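Q: Here it is, the structure in full.
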4 protein chains.
Amino acid sequence: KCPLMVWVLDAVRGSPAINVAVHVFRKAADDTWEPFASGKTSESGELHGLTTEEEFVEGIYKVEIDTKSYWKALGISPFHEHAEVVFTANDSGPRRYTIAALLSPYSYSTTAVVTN
Amino acid sequence: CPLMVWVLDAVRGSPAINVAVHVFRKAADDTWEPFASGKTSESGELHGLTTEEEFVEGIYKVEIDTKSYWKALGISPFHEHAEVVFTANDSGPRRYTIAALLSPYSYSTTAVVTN
Amino acid sequence: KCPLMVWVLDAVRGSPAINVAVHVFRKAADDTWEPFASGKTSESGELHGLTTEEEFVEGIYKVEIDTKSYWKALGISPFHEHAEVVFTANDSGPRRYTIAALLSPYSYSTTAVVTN
Amino acid sequence: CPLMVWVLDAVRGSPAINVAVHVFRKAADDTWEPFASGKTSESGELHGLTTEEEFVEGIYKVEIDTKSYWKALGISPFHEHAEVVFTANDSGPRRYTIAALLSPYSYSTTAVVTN
């Protein structure tokens, strides 16, 4: 159903990271990043419905997570401007991508869960 | 130095100083016997826990006292402590660096094992 | 509903970590760890139904995740015997705990998501 | 040394050797201008990227070429590269250590900022 989902967690509060802006880009033929989809994480730290199976073709995608704005709204001084997750989407049978990001003011981790 | 612990603070972006660390070794009776202990330095490092002679094969548990660290900084954390349990020197002596990255509700640990 | 859930992900395969044994213990008055609940992660890497709101009283709990057996079944030589997550469960209004663990052969990370 | 990069391999429990790193600085026209580059050593460290004089205030992007690293090891990874984007030296000169921990489908990055 949903081919690309983003989950964001807050490692300082131990909670979902709510209202985090997320911008997805697709690399164009001229090597520039073209806006593809965007949204804000929900109360559960999830962002669903970014794209459809039809539109999400093979290509290089960048998921930018606006971490600095998130920390600033919480009164915390962070290190990063934003987190970037860059990957190739490949048709190798049925696939769904979940990008999980765990945020700390001076650190972050990201993991991809790719399922059939 | 066959066993070292390095600890970083992901909130401050700095070494985690004065973090207590207790190391245990599993005895023949399956209990955890105290093996070594210390506190991280201003660089977040803890050296000199043991010697090549004393660090024989066995199952070791490195307990990093993260709750006491966060409490001293006025932060109420989730975990009591981080626990790193591993078999050491089962294919001969190795040097181990246990790296820990701390957040109030999360931590990560990684081992760098060198021959 | 479910007060304690465990999620386990595999950072080498980018997938849920399936059939991972998980043992939960509660610290007794004599300072020993008493078995409390156990199970295996599902096809989604989740373990639900470990306990009930009635049984999950305030106390110190240890969640042991049998990572070495998981890696060995995949033909991978890991560092840790198991991962341990030790925490105090506190009544501070309605609370649900999700313990998330991300596994690599020589590293792991754990995060707690505590919600109302 | 005001900017250093340390990279670890979470699969092998070892430093990640020969990892290419490219650093960019945001120009007045909002484009990313090449700033410095290098490869991690046998210890997983990359030193000497820049000097205190050249490392002025600005927004920097440290690109760690993780896909090329995993491909050279016969592992097909998820990410193209890891990207660490930050404002540097906005309250005066600081020393930055960017630490990255790599797995085929995951990575973590942490910054240690010292004055």
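Just so you know, the numbers here start at 1 and follow the chain as drawn.
For this deposited structure, the header notes the method as X-ray crystallography, 1.6 Å.
Including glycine, each Cβ sits where the backbone N, Cα and C put it.
Got these off Swiss-Prot a minute ago, pasting:
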- C:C2: sulfocysteine (MOD_RES)
- C:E34: 4-carboxyglutamate (MOD_RES)
- C:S44: phosphoserine (MOD_RES)
- C:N90: N-linked glycosylation site (CARBOHYD)
Q: Whole-number Å only: compute the distance from the Cα of the residue listed as '4-carboxyglutamate' to the Cα of C:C2 (sulfocysteine).
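A: Distance between the two Cα atoms comes out at 21 Å.
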Q: Measuring Cα to Cα, how far is C:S44 (phosphoserine) from the residue listed as 'sulfocysteine' in Å?
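A: Distance between the two Cα atoms comes out at 17 Å.
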Q: Sort out for me which one of C:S44, C:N90 has the most neighbouring CB atoms within 10 A, since those are the recorded positions we care about.
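A: Most Cβ neighbours within 10 Å: C:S44.
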Q: Rounded to an integer, what is the Cα-Cα distance in Å between the residue listed as 'N-linked glycosylation site' and C:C2 (sulfocysteine)?
A: 15
Q: What is the total of other Cβ atoms whose distance to the Cβ of the residue listed as '4-carboxyglutamate' is within 10 Å?
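A: Excluding its own Cβ, the residue listed as '4-carboxyglutamate' sees 13 Cβ atoms within 10 Å.
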Q: Including all protein chains shown, what's the count of other C-beta atoms within 10 A of the C-beta of C:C2 (sulfocysteine)?
A: 14
Q: In DSSP terms, helix, strand or coil for C:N90 (N-linked glycosylation site)?
A: coil
